[PDB]
>>> print(open('protein.csv').read())   # CSV, C-alpha atoms
chain,number,residue,atom,x,y,z
A,17,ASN,CA,84.4,116.7,107.4
A,18,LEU,CA,81.2,115.0,108.8
A,19,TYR,CA,83.6,113.1,111.1
A,20,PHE,CA,85.0,116.3,112.8
A,21,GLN,CA,81.9,118.5,113.0
A,22,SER,CA,80.8,117.1,116.4
A,23,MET,CA,84.0,118.0,118.2
A,24,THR,CA,86.7,120.6,118.7
A,25,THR,CA,89.3,120.0,116.0
A,26,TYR,CA,92.9,119.7,117.0
A,27,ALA,CA,95.9,120.0,114.8
A,28,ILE,CA,99.5,119.2,115.7
A,29,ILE,CA,101.9,121.3,113.7
A,30,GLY,CA,104.7,119.1,114.8
A,31,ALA,CA,108.1,117.6,113.9
A,32,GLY,CA,110.8,115.6,115.8
A,33,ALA,CA,110.3,114.1,119.2
A,34,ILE,CA,107.8,116.7,120.4
A,35,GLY,CA,105.4,116.2,117.5
A,36,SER,CA,105.5,112.4,118.1
A,37,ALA,CA,105.1,112.9,121.9
A,38,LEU,CA,101.9,114.9,121.3
A,39,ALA,CA,100.6,112.3,118.8
A,40,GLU,CA,101.3,109.6,121.4
A,41,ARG,CA,99.3,111.5,124.1
A,42,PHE,CA,96.3,112.1,121.7
A,43,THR,CA,96.3,108.5,120.8
A,44,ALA,CA,96.5,107.2,124.4
A,45,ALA,CA,93.6,109.5,125.3
A,46,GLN,CA,91.6,108.5,122.1
A,47,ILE,CA,91.3,112.2,121.0
A,48,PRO,CA,91.1,112.4,117.2
A,49,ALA,CA,93.7,114.9,115.8
A,50,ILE,CA,95.4,115.8,112.6
A,51,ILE,CA,99.2,116.4,112.1
A,52,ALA,CA,101.2,118.4,109.6
A,53,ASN,CA,104.4,120.3,109.0
A,54,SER,CA,106.4,122.0,106.2
A,55,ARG,CA,107.8,118.6,104.9
A,56,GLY,CA,104.4,117.2,104.0
A,57,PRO,CA,102.2,114.3,105.0
A,58,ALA,CA,104.6,111.7,103.6
A,59,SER,CA,107.4,112.8,105.9
A,60,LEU,CA,105.1,112.0,108.9
A,61,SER,CA,105.0,108.3,108.1
A,62,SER,CA,106.8,107.4,111.3
A,63,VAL,CA,104.0,109.0,113.3
A,64,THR,CA,101.3,107.5,111.0
A,65,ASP,CA,102.7,104.0,111.5
A,66,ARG,CA,102.5,104.2,115.3
A,67,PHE,CA,99.5,106.4,116.0
A,68,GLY,CA,97.4,106.4,112.8
A,69,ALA,CA,94.3,105.2,114.6
A,70,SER,CA,93.9,108.5,116.3
A,71,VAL,CA,96.3,110.9,114.5
A,72,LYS,CA,96.0,111.5,110.7
A,73,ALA,CA,98.7,113.1,108.6
A,74,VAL,CA,97.3,115.9,106.5
A,75,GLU,CA,98.5,118.8,104.3
A,76,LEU,CA,99.6,121.9,106.2
A,77,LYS,CA,97.0,124.2,104.6
A,78,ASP,CA,94.3,121.9,106.0
A,79,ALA,CA,95.8,121.5,109.5
A,80,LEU,CA,96.1,125.3,109.9
A,81,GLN,CA,92.3,125.5,109.7
A,82,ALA,CA,91.6,123.6,112.9
A,83,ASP,CA,89.8,125.0,116.0
A,84,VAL,CA,93.0,124.5,118.0
A,85,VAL,CA,96.4,124.7,116.3
A,86,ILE,CA,99.4,123.5,118.3
A,87,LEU,CA,102.7,125.0,117.1
A,88,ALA,CA,105.2,122.3,118.0
A,89,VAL,CA,107.8,123.3,115.5
A,90,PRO,CA,111.1,125.2,116.0
A,91,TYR,CA,110.6,128.9,117.0
A,92,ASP,CA,112.3,130.0,113.8
A,93,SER,CA,110.0,127.9,111.7
A,94,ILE,CA,106.8,129.6,112.9
A,95,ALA,CA,106.7,132.7,110.7
A,96,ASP,CA,106.9,130.8,107.4
A,97,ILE,CA,104.2,128.4,108.5
A,98,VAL,CA,101.6,130.8,110.0
A,99,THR,CA,102.0,133.5,107.2
A,100,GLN,CA,100.0,131.0,105.0
A,101,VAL,CA,96.8,131.9,106.8
A,102,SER,CA,95.5,135.5,106.6
A,103,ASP,CA,92.6,135.5,109.1
A,104,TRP,CA,92.8,133.5,112.3
A,105,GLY,CA,89.4,134.6,113.6
A,106,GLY,CA,87.7,132.0,115.8
A,107,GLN,CA,90.8,129.9,116.2
A,108,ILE,CA,93.1,129.1,119.1
A,109,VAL,CA,96.9,128.9,118.5
A,110,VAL,CA,98.9,127.1,121.1
A,111,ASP,CA,102.5,128.3,121.2
A,112,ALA,CA,104.6,125.3,122.3
A,113,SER,CA,107.9,126.7,121.0
A,114,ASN,CA,111.0,128.0,122.9
A,115,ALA,CA,113.1,130.8,121.5
A,116,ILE,CA,116.6,129.3,122.0
A,117,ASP,CA,119.9,130.3,120.4
A,118,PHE,CA,122.3,127.9,118.8
A,119,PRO,CA,125.0,126.7,119.6
A,120,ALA,CA,125.1,127.8,123.2
A,121,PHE,CA,121.4,127.0,124.0
A,122,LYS,CA,120.8,130.2,125.9
A,123,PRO,CA,117.5,132.1,125.9
A,124,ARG,CA,117.2,134.3,122.8
A,125,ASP,CA,117.6,138.1,123.1
A,126,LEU,CA,114.2,139.4,122.0
A,127,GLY,CA,114.8,142.9,123.4
A,128,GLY,CA,112.8,142.1,126.5
A,129,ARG,CA,109.7,141.1,124.5
A,130,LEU,CA,108.0,137.8,125.3
A,131,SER,CA,108.4,135.1,122.6
A,132,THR,CA,104.7,134.2,122.7
A,133,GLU,CA,103.8,137.9,122.3
A,134,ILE,CA,105.9,137.9,119.1
A,135,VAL,CA,104.2,134.7,117.9
A,136,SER,CA,100.8,136.3,118.7
A,137,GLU,CA,101.5,139.2,116.3
A,138,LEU,CA,102.2,136.6,113.5
A,139,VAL,CA,98.7,135.2,114.0
A,140,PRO,CA,96.3,138.3,114.2
A,141,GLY,CA,92.8,137.3,115.1
A,142,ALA,CA,93.9,134.1,116.9
A,143,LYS,CA,93.6,133.7,120.6
A,144,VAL,CA,97.0,132.5,121.7
A,145,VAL,CA,97.7,130.1,124.6
A,146,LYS,CA,101.3,129.3,125.7
A,147,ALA,CA,101.5,125.6,126.6
A,148,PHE,CA,103.4,122.3,125.9
A,149,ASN,CA,106.7,124.2,125.9
A,150,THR,CA,107.7,123.2,129.4
A,151,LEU,CA,108.5,119.5,129.2
A,152,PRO,CA,111.1,117.5,127.4
A,153,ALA,CA,109.5,115.3,124.7
A,154,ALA,CA,110.5,112.1,126.6
A,155,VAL,CA,108.6,113.3,129.6
A,156,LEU,CA,105.6,114.6,127.5
A,157,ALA,CA,105.4,111.2,125.7
A,158,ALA,CA,105.1,109.2,128.9
A,159,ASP,CA,101.8,108.2,130.6
A,160,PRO,CA,100.9,111.3,132.6
A,161,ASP,CA,99.3,109.2,135.4
A,162,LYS,CA,101.9,108.2,137.9
A,163,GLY,CA,99.7,106.5,140.5
A,164,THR,CA,100.0,109.3,143.1
A,165,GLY,CA,99.6,112.2,140.7
A,166,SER,CA,99.2,113.6,137.2
A,167,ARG,CA,102.1,115.2,135.3
A,168,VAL,CA,101.7,119.0,135.4
A,169,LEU,CA,101.5,121.2,132.3
A,170,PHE,CA,101.6,124.9,133.0
A,171,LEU,CA,99.7,127.2,130.5
A,172,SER,CA,99.1,130.9,130.2
A,173,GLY,CA,97.5,133.4,127.8
A,174,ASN,CA,95.6,136.7,127.6
A,175,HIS,CA,92.2,135.1,126.8
A,176,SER,CA,90.5,133.3,129.7
A,177,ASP,CA,88.2,131.3,127.4
A,178,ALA,CA,91.0,130.1,125.2
A,179,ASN,CA,93.0,129.2,128.3
A,180,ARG,CA,90.0,127.2,129.6
A,181,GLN,CA,89.7,125.3,126.3
A,182,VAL,CA,93.4,124.4,126.3
A,183,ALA,CA,93.2,123.4,130.0
A,184,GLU,CA,90.3,121.1,128.9
A,185,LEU,CA,92.5,119.5,126.3
A,186,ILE,CA,95.3,119.1,128.8
A,187,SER,CA,93.0,117.4,131.3
A,188,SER,CA,91.5,115.2,128.6
A,189,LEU,CA,95.1,114.1,127.7
A,190,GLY,CA,95.6,113.0,131.3
A,191,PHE,CA,97.8,115.9,132.5
A,192,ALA,CA,97.1,118.4,135.2
A,193,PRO,CA,96.7,121.9,133.8
A,194,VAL,CA,97.9,124.8,135.9
A,195,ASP,CA,96.8,128.2,134.4
A,196,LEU,CA,99.3,130.8,135.5
A,197,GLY,CA,97.3,133.7,134.0
A,198,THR,CA,98.3,136.2,131.4
A,199,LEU,CA,101.4,136.1,129.1
A,200,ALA,CA,102.8,138.9,131.2
A,201,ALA,CA,102.3,136.9,134.3
A,202,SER,CA,104.0,133.8,132.8
A,203,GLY,CA,106.8,135.7,131.1
A,204,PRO,CA,109.4,135.4,134.0
A,205,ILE,CA,108.4,131.9,135.0
A,206,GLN,CA,107.1,129.8,132.0
A,207,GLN,CA,109.4,131.1,129.2
A,208,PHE,CA,112.5,129.2,128.3
A,209,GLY,CA,115.3,129.9,130.8
A,210,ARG,CA,112.8,130.5,133.7
A,211,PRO,CA,112.0,128.3,136.7
A,212,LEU,CA,109.0,126.3,135.5
A,213,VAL,CA,110.6,125.1,132.3
A,214,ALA,CA,111.9,121.5,132.4
A,215,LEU,CA,110.5,121.1,135.9
A,216,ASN,CA,108.7,117.7,136.5
A,217,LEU,CA,105.8,118.1,138.9
A,218,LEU,CA,102.8,116.0,139.8
A,219,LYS,CA,99.4,117.1,141.0
A,220,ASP,CA,98.2,114.6,143.6
>>> encode(input="protein.csv", output="structure tokens")
Amino acid sequence: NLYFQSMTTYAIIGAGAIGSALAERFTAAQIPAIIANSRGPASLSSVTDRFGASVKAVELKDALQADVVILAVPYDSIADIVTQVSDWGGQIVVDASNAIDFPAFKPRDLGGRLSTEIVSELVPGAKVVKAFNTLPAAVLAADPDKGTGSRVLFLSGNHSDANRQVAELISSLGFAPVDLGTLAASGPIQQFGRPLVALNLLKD
């Protein structure tokens, strides 16, 4: 409580390699963060053991109260998580998910709608930024500084102030943020199945 009040609070709602990748990056950048998911704080012991100096495992209800909430869970897991909070006013939600079908791994048919627009409707009041969905966990987990350039993270969203705040986080983590603009603008380029996903670039 008194620890967090002098900084923007970040929560990783994370599981698997991506949750761990984010924890690793926060730790390397010495940015305090909390982490949670549906399986509870105990299930995140692997993360705690490696990154507990900068990333603290908490209950989901607590993590969902942070200034910036990063949804690094499967796309299908989002609805059941975010429905637990009724008013998202004053918060930023970062959609890091990709809507992918199993077992063929093709982009989901969402009837033309953008996945992050659908997520946005599940968090009314929140300012949503689309980011951290573009890189494989193994790339995200790595040191973003490669001598002659910083690893690029594209972001987008309808609220310029929220985009800025997430760009600030991205820069602080050592990555190079590139703000593509609105969710409409990023739809055909940053969504799963589109040219900027899984593309490793550096800003020199």
>>> closest_atom_pairs(input="protein.csv", of="range 108-171 of chain A", to="range 176-191 of chain A", cutoff="10 Å", atoms="all atoms listed in the file", output="tab-separated table")
residue	atom	partner	partner_atom	distance
A:108	CA	A:178	CA	6.5
A:109	CA	A:178	CA	9.0
A:110	CA	A:182	CA	8.0
A:142	CA	A:178	CA	9.7
A:143	CA	A:178	CA	6.4
A:144	CA	A:178	CA	7.3
A:145	CA	A:179	CA	6.0
A:146	CA	A:179	CA	8.7
A:147	CA	A:182	CA	8.2
A:148	CA	A:186	CA	9.2
A:156	CA	A:191	CA	9.4
A:159	CA	A:190	CA	7.9
A:160	CA	A:191	CA	5.5
A:161	CA	A:190	CA	6.7
A:165	CA	A:191	CA	9.2
A:166	CA	A:191	CA	5.4
A:167	CA	A:191	CA	5.2
A:168	CA	A:191	CA	5.8
A:169	CA	A:191	CA	6.5
A:170	CA	A:183	CA	9.0
A:171	CA	A:179	CA	7.3
>>> residues_near_point(input="protein.csv", point="(102.7, 106.0, 111.4)", cutoff="12 Å", atoms="all atoms listed in the file", output="PyMOL selection string")
chain A and resi 36+39-40+43+51+57-73
>>> atom_distance(input="protein.csv", atom1="CA of residue 101 in chain A", atom2="CA of residue 88 in chain A")
17.0 Å
>>> atom_distance(input="protein.csv", atom1="CA of residue 50 in chain A", atom2="CA of residue 79 in chain A")
6.5 Å
>>> atom_distance(input="protein.csv", atom1="CA of residue 139 in chain A", atom2="CA of residue 102 in chain A")
8.1 Å
>>> closest_residue(input="protein.csv", among="A:17, A:107, A:150, A:100", to="residue 211 in chain A", atoms="all atoms listed in the file")
A:150
>>> closest_residue(input="protein.csv", among="A:52, A:126, A:214, A:27", to="residue 84 in chain A", atoms="all atoms listed in the file")
A:27
>>> closest_residue(input="protein.csv", among="A:56, A:32, A:125, A:219", to="residue 192 in chain A", atoms="only C-alpha atoms")
A:219
